[PDB]
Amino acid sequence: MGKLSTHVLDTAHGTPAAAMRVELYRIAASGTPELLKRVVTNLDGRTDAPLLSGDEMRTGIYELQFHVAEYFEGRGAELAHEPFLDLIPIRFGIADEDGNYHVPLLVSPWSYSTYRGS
């Protein structure tokens, strides 16, 4: 049934963003983020398993956190001592536990974009 997935594209270089660290949180009632998963993007900028699947899918507010400065510094980027982008949180809601939520991230060290894809 339901599924959550992501796909990270490096727009500075025109490649998938491989070997990027990402964490998934569920934002609790209190507002406190509960860590669900730590993952790494594969060679195609995706994950080898869905972020959420089947019974894991629950309606609510979630947040993905992407380690973008780490990725770009590894790739050779020269960033400021305090980078403009370091950790990027993408906060979003899941309304349909049976829905397929695909959330791509396009990123450079000084810009990013995201959307509900398909």
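Residue indices: 1-based, along the sequence shown.
Per-stretch averaging of Cα B factors for 31 to 39 and 81 to 89 places 31 to 39 on top.
When the mean C-alpha temperature factors of 106 to 114 and 90 to 98 are read from the deposited coordinates, 90 to 98 comes out higher. Across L64, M57, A69, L51, the entry's maximum B-factor at the CA atom is seen for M57. In the deposited entry, the Cα temperature factor of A12 sits in the top third of values across the chain's modelled residues.
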